[PDB]
Amino acid sequence: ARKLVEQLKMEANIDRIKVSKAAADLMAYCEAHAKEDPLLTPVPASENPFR
Amino acid sequence: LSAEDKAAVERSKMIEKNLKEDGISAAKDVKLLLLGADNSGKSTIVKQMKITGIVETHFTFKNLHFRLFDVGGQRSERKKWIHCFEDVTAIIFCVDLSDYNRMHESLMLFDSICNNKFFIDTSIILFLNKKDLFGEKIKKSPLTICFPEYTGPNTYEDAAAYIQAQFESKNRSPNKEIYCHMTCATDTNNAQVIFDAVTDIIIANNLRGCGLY
Amino acid sequence: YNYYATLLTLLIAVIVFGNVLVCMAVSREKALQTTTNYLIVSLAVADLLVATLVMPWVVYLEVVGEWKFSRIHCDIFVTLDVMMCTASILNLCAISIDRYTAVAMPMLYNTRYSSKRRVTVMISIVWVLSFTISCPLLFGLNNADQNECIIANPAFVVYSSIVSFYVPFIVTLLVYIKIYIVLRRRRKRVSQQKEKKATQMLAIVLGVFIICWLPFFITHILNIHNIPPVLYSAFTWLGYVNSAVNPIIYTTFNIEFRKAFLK
Amino acid sequence: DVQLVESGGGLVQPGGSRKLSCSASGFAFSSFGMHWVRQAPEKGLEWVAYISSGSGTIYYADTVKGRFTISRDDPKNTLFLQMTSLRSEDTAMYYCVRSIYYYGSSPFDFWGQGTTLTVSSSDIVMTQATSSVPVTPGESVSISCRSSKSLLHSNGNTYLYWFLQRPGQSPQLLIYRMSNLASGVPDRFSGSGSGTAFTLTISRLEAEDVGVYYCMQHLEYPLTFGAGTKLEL
Amino acid sequence: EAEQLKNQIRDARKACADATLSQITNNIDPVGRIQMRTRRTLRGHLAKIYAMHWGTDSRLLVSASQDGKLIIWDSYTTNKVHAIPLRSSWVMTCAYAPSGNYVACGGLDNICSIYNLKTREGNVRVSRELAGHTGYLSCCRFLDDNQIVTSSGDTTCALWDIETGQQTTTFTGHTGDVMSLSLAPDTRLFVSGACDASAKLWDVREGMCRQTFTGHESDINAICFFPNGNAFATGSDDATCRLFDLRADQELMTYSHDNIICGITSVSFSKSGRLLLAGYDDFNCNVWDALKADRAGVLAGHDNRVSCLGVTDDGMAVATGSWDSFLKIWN
Ligand SMILES: CCN(CC)C(=O)[C@@H]1C=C2c3cccc4[nH]cc(c34)C[C@H]2N(C)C1
């Protein structure tokens, strides 16, 4: 029980950002790498090794 | 091709032939799942046992190779890996009749595997072990297990037949048979019972595929 | 006579509908793709070819009453008739042998690698043997007149009737009663409605095969060693009706086939 | 350790026959394709024959077709070369070479010490322009090789191989497919090229880098070597 | 005191929930119809396929099946490069080292065994047999040639030293069977889902759990990190996938549909992280738009359940293994 209490205390004292900030960073990462995602934007058949 | 690609394709073809040969060799095995409570005669269920994660014994009987897998010993969430044995020909479920407090744990465990989604259509070879010790024990403690329901004679062949009916009451589906056998650890021939039940199960599946069933 | 056109066209449509549904069912459902079902597909292909190639000219013979096309055309017609009917009968014998393998060789039947080779060999043998039985008619062995398209060779009639019907018939009969005896043996050795169901199916397939094809061939043997012609025509049409009833009796009882037909 | 020990030869009369052997040890012999390569006295390497893993594919050089026979005994871990109608041109040191072919593999990665045969009396051309290059220890060197046909295949591979034959030793693979360093080779050796022009670069020469350097193509059979360039200190 | 600390964490998480990811992602264009097709079909496995892993070159991939075989495939040509027979046929996981020199696999034998692909001999050999787990091996993943994390059904994860062959660290705190494992891009942290319906972020060097994540109603079968390393996705038996953020320390997005009533076997992200791909028990793989929680596409070319899947490092292709003994490559 003491180990569980210590673990909960260790996990409760972390620095948490707002969820809006996390969503903004996730959207920014997705937008910054969108062009380099072949499964998102299909590539031409010339550049597709599985043609 | 570049003539290194041709050699690579030749190597791939040799690998494919080896895979096919190994598959042909493995396809003639009867895979069986051993189950039951601890000290229920699981280990010494057949005399031939050639071989803490998973124990796999095997024996040959009438030119048929049997592979028995004892899953007791994992001690983990059963639902996460019981699907691995979905393709076994049958299940061997061992029960100790002389254990009157593990009788309900065995009965509850029988429900779980009989009504499993991955084993709805998988036949069960039920072994009721320790009949010799059951006859000598019933004279002292007649009604220490099935308190509410049992109101029949206290003969050896009467209560033993009643315990058998309780297990087969749990087969809530068609196309699945329970092959009940009463065994004693002194001297028995359990390979014939498994071989005969497996032949019946395979013939039933063959008729089902042909459409006669 | 335009009265035959309607009835015989509905018979052709019934045959085509049933066999096409059997083929589509086996192709579409992955659970249905097994080797026995491939033998059933071979039977369905034989029946479908009977309905599509052979029967339309038989309707022409009934309507017009005389052959107003080429003599080589008549040769193709008669050899196709013999070939496809023989293929259907030999497919029935092959299905019988496969069902025997299921009961008397349960372990070999379950093996996929051996079962594929068995069924591919059986399908090849039945189709090749039907072709080889029918091939002498292509050589002008038939003696049809200019007006009529018929088979006028008693010797070929006997020799082809024997190999095409009688020995596959005897073999299928002996095989099915052997399966019946083995089923009774295991029933004695050992819900139970399935055991009576199996007997029903064996009786149904045997009875359909006896009734549809036996009167035609026995009439041929009696003729070649008088009987009116209208019953002769009806006996031939009974053999054609065998193709109509086969996809019903060989699939509509099985449950997985019913699910595919509903879907 | 990997071992290929050849045997059989030394002196034959013209028109005679002799059988060469090559005993494999220390590796899965059935997995490798095997080659025979010969070197005449004071001459370069020349490919003779090839037998694939499983003996499904066999090739011969044009100078030996019909006369020579390559065979294989996987249980015995032995390779054979039956020669008939021997000529004066067959006097050479015959080498046994293992080759395994898959994606990313290293063909020609091990050679035997060779056996000597003495007979008592279209094809891609590999051009190695320089024949001798005096060198100093610690200086950089650049050996070059030319090819009649482009070795760049449509799959992106350039099938050029570099070998180094030190004095008295059998040749050792350095580069495979024009850029890839072989196992156990120091990082000083580098490979560059494009289609037809190829070069092997040595950064800091050592005393052990003294020997004849050969270039080989593997785009198509028959495999052809170039007259190797000697390095002398 | 445990109740007060748990309530404090719940209050702390609620304070950082000023808005939902749905609202911030309300004004971006939908990804649209994502239609992929089977470009390659890899055949040769004769039983259920339980796991696969791409090599770092995005051309080689390893697959593990119940037939006791571990096959390395050349996906471009469909050539079989290696066929490695396994001592135990009850494999449930496999791994491909980043260098390409090693593969690993394990299962109900309670051992993640290491194999050396590059030997002076032509054949592959066992390098190590990592023994010490009490339950079945559900997932192992290489950090380098000498280090490998394992997850097991004994409710623990372990970091092994491959050279010495023993556990450098033992990670404990889960109350149920651990089913899945996903290393961060930097390899300094890893996440892990288990049968207690929670996920835990662990620090590799210090040995302890930093954060614990809840929300699922059943066993978590699969877990994968977002490419940023600041978030991860889970797949569970409750027919739901969930996106978790490490810095916010709470759920962001839920991927479910009322017609989906079946468990999730595997999960993987796209290279940009915009597409969340999940394998299901209903024989198909669903492509979710990770930001908008909308279903973008389906891969419906398997006759049995999709047991595993993986996206290439270059993001050019995705693989899907299945219980029908086939692997398919989709583009
Ligand atoms: C009236 C004239 N026609 C039409 C061409 C026939 O007699 C056909 C001859 C047949 C025949 C002969 C000899 C052997 C055989 N096997 C299978 C058949 C067969 C089919 C059978 N069909 C149904 C009729």
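Residues numbered from 1 in each chain as written, not as in the entry; some residues may be left out. Chains lettered and ligands numbered in written order. Heavy atoms only, no water. Residues with missing side-chain atoms left out of burial classes, pairs and counts.

S.K.: Tell me what's going on with the overall build of chain E, and back it up with residues and numbers.
M.R.: Of regular secondary structure, chain E possesses 2 helices and 28 strands. Over its C-alpha atoms chain E spans a radius of gyration of 19 Å, differing by no more than 12% from the 20 Å that the globule rule assigns to 331 residues. Across chain E, every contact between residues at least 6 apart in sequence was considered, and the portion connecting residues at least 24 apart equals 44%. (Helix = DSSP H or I, 4+ residues; strand = E, 2+ residues; numbered from the N terminus. Rg over C-alpha atoms; globule rule 2.2 N^0.38 Å. Contact = heavy atoms within 4.5 Å.)

S.K.: Give a description of the overall build of chain D that names residues and reports values.
M.R.: Helices and strands together make up the secondary structure of chain D, namely 0 helices and 20 strands. For 233 residues, the compact-globule estimate of 2.2 N^0.38 gives 17 Å, and chain D sits close to it at 17 Å. By its C-alpha atoms, chain D is 50 × 40 × 40 Å across when sized along the principal axes.

S.K.: An account of the interface of chain E and chain A is needed here, citing residue identities and associated values.
M.R.: Taken together, the contact pairs 53 residues of chain E with 33 residues of chain A. Mapped by element, the contributors of at least two residues to the side of chain E that touches chain A are α1 (2-15), α2 (21-24), β1 (38-42), β17 (209-213), β20 (241-245), β21 (250-255) and β28 (327-330) of chain E. The class makeup of the residues in the side of chain E that touches chain A is 31 nonpolar, 9 polar and 13 charged. (Nonpolar A, V, L, I, M, F, W, Y, C, P; charged D, E, K, R; others polar.)

S.K.: Explain the packing of helix α5 (residues 190-210) of chain B against helix α3 (residues 71-104) of chain C residue by residue, including any values.
M.R.: Describing two packed helices takes the angle between their axes plus the distance from one axis to the other. Contact pair α5 of chain B / α3 of chain C: the axes reach a minimum separation of 8 Å and the direction vectors enclose 160°. In terms of orientation, α5 of chain B and α3 of chain C fall into the roughly antiparallel class. Considering how the two elements wind past one another, α5 of chain B and α3 of chain C form a crossing that is left-handed. Between α5 of chain B, through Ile-203, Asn-206, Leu-207 and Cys-210 of chain B, and α3 of chain C, the contact on the second element is made entirely by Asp-98, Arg-99, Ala-102 and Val-103 of chain C. (Axes fitted to C-alpha atoms, helices over the stretch in contact; angles between N-to-C directions. Parallel < 35°, antiparallel > 145°, perpendicular 65-115°, else oblique. Left-handed = near helix turned anticlockwise from the far one by under 90°.)

S.K.: Tell me what's going on with the arrangement of the chains, and back it up with residues and numbers.
M.R.: Contacts between protein chains span 6 pairs of chains, and they are most numerous for chains A and E. Chain B makes no contact with chain A, the minimum C-alpha separation between the two being 16 Å. Separated in space, chain A and chain D share no contact, their closest pair of C-alpha atoms being 10 Å apart.

S.K.: An account of the sheet that holds strand β22 (residues 264-269) of chain E is requested, with residue identities and associated values reported.
M.R.: Residue and element names in this part refer to chain E. Pairing within the open sheet is antiparallel, and its 4 strands lie in the order β22-β23-β24-β25. Each of the sheet's edge strands pairs with one partner strand only, and the pair in question is β22 and β25 (294-299). Pairwise comparison of adjacent strand axes, ignoring direction, gives a mean angle of 25° for this sheet. Pairing of strand β24 (residues 285-289) with β25, which is carried by 5 bridges, proceeds in the antiparallel orientation. Pairing of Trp-288 across the sheet is with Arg-295, part of β25. (Pairing = 2+ DSSP bridges.)

S.K.: Which residues make up the sheet that holds strand β16 (residues 199-203) of chain E, and what values go with them?
M.R.: All names here are of chain E. Overall, antiparallel pairing links the 4 strands, which are arranged β14-β15-β16-β17 in an open sheet. Whereas interior strands pair on both sides, the edge strands pair on one side only; in this sheet they are β14 (178-183) and β17. Between one strand and the next, the sheet's axes are offset by a mean angle of 20°, whatever the strand orientation. Bridge count between strand β15 (residues 189-194) and β16: 5 bridges; the pairing is antiparallel. Along β16, the bridge assignment pairs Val-191 with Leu-201.

S.K.: Describe the pairing of strand β26 (residues 306-311) of chain E, listing the residues and the values that go with them.
M.R.: Residue and element names in this part refer to chain E. Burial of β26 is extensive: 6 of the 6 residues sit out of reach of the surface. Judged from the 5 bridges that link them, β26 and strand β27 (residues 318-322) form a sheet pairing that is antiparallel. Bridging from a neighbouring strand, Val-306 pairs with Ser-322 of β27. Connecting β26 to the antiparallel partner β27 that follows it, the hairpin turn spans 6 residues, and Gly-315 within it adopts a positive phi of roughly 75°. (Buried < 20%, exposed > 50% of the residue type's maximum accessible area, 1.4 Å probe, protein only.)

S.K.: Describe the site of the ligand, with residues and values.
M.R.: All names here are of chain C. Taken together, the neighbourhood of the ligand is formed by 15 residues, with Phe-77, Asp-81, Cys-85, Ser-160 and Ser-164 sitting nearest. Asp-81 places a side-chain nitrogen or oxygen 2.4 Å from a nitrogen atom of the ligand. Elements with a contribution of two residues or more to the shell around the ligand: α3, α6 (154-189), α7 (193-224) and α8 (229-251). No other element matches the 6 residues that α3 contributes to the shell around the ligand. Here the residues of the shell around the ligand sort into 8 nonpolar, 6 polar and 1 charged. (Near = heavy atom within 4 Å. Polar contact = N/O pair within 3.5 Å; in protein donor to acceptor, adjacent residues only side chain to side chain.)

S.K.: Just give me the short version of the pairing of strand β7 (residues 102-107) of chain E, but keep the residues and values in it.
M.R.: Residue and element names in this part refer to chain E. Counting buried positions over the 6 residues of β7 gives 6, a clear majority of the element. Burial along β7 is two-sided: the face carrying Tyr-102, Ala-104 and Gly-106 and the face carrying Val-103, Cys-105 and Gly-107 are both buried. As paired strands, strand β6 (residues 91-96) and β7 are joined by 5 bridges and run antiparallel to one another. Bridging across to β7, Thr-93 finds its partner in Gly-106. Hairpin connection, β6 to β7: the antiparallel pair is bridged by 5 residues, and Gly-100 has positive phi, about 85°. Note that β7 and strand β8 (residues 112-116) share 5 bridges and pair antiparallel. Bridging from a neighbouring strand, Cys-105 pairs with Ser-113 of β8. What sits between β7 and β8 in their antiparallel hairpin is a turn of 4 residues, with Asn-110 showing a positive phi close to 65°.

S.K.: I'd like a description of the packing of aromatic side chains, backed by residues and values.
M.R.: Applying the stated criterion across every chain yields a total of 49 aromatic pairs over all chains. Centre to centre, the rings of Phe-216 of chain C and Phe-217 of chain C are 5.0 Å apart; their planes meet at 85°, and the pair counts as edge-to-face. Judged on exposure class, the residue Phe-216 of chain C and its partner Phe-217 of chain C are both buried. Taking 6.3 Å as the distance between ring centres and 35° as the angle between the ring planes, the aromatic pair formed by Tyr-50 of chain D and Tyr-59 of chain D counts as tilted. Relative accessible area serves as the criterion here: at 4%, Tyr-50 of chain D is assigned to the buried category. (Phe/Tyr/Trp six-rings, centres within 6.5 Å; stacked < 30°, edge-to-face > 60°.)

S.K.: Explain the environment of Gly-310 of chain E to me, and be specific about the residues and the numbers.
M.R.: Residue and element names in this part refer to chain E. Along the chain, the position of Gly-310 falls in strand β26. For the pair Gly-310 and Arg-33, spaced 277 residues apart in sequence, the C-alpha to C-alpha distance is 21 Å. Sequence-distant contacts of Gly-310, that is, excluding residues within four places in its chain, are made with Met-52, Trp-54, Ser-268, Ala-317, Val-318 and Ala-319.

S.K.: Mind laying out the state of the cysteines, listing which residues take part and the relevant values?
M.R.: Across all of its chains, the model carries 4 disulfides over all chains by this definition. Across a sulfur-sulfur distance of 2.0 Å, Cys-74 of chain C and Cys-149 of chain C are joined as a disulfide pair. On the sign convention where negative is left-handed, the bridge of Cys-74 of chain C and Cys-149 of chain C, at about 95° about the S-S bond, is right-handed. Here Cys-149 of chain C lies in the loop between α5 (112-134) and α6 and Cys-74 of chain C lies in helix α3, a separation of 75 residues in the sequence. Linked covalently through their sulfurs, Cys-145 of chain D and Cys-215 of chain D form a disulfide whose S-S length is 2.0 Å. Taking the torsion about the S-S bond as the criterion, the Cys-145 of chain D to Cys-215 of chain D disulfide, at about 65°, is right-handed. (Disulfide = S-S within 2.5 Å.)

S.K.: Please set out α6 of chain C residue by residue, giving values where relevant.
M.R.: When the terminal C-alpha atoms of α6 of chain C are compared, their 51 Å separation across 36 residues agrees well with the 52 Å that a helix rising 1.5 Å per residue should span. Where α6 of chain C starts, the residue carrying a side-chain oxygen 3.3 Å from the main-chain nitrogen of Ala-155 of chain C turns out to be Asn-153 of chain C. (Expected span 1.5 Å × (residues − 1).)

S.K.: I'd like to hear about α5 of chain B, residue by residue, with values.
M.R.: Helix length check: α5 of chain B, at 21 residues, gives a terminal C-alpha distance of 30 Å against a target of 30 Å (1.5 Å per residue), a fit within 8%. Following α5 of chain B by one or two positions, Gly-211 of chain B adopts a phi angle in the positive range, close to 100°.

S.K.: Lay out the UniProt feature "repeat: WD" in chain E with the relevant residues and their values.
M.R.: Residue and element names in this part refer to chain E. With numbering aligned to this structure, UniProt lists the feature "repeat: WD" at residues 37-85, 86-131, 132-172, 173-214, 215-258, 259-300 and 301-331. Along residues 173-214, the helical share is 0% and the strand share 52%, with 14 Å between the first and last C-alpha atoms. What you have in residues 215-258 is 0% helix and 52% strand, and the ends, taken at the C-alpha atoms, are 18 Å apart. (UniProt positions renumbered as here; feature names shortened; annotations may be inferred.)

S.K.: If you had to explain the nonpolar core to someone new, which residues and values would you point to?
M.R.: If you look at the biggest cluster of nonpolar residues, it comprises 93 residues, and the most contacted ones within it are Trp-36, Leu-81 and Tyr-94 of chain D together with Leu-70 of chain E. Broken down by element, this core gets its largest block of residues, 6 residues, from strand β4 (residues 45-51) of chain D. Leave out the neighbours within four places in its chain, and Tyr-94 of chain D touches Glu-6, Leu-20, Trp-36, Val-37, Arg-38, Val-48, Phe-68, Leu-81, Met-83, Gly-114, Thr-115 and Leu-117 of chain D. Counting 73 residues, the second-largest nonpolar core is a separate cluster that includes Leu-43, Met-55, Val-103 and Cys-149 of chain C. (Core = buried A, V, L, I, M, F, W, Y, C linked by side-chain atoms within 4.5 Å.)

S.K.: Can you break down the side chain of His-216 of chain E residue by residue, with the values?
M.R.: All names here are of chain E. Secondary-structure assignment places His-216 in the loop between β17 and β18 (220-225). Given the relative accessible area of 6%, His-216 is considered buried. Side chain to side chain, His-216 and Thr-234 meet in a polar contact 2.4 Å long. At a separation of 3.4 Å, a polar atom in the side chain of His-216 contacts the side chain of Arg-242. Apart from residues no more than four positions distant in its own chain, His-216 is found in contact with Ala-197, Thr-234, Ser-236, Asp-238, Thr-240, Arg-242 and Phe-244.

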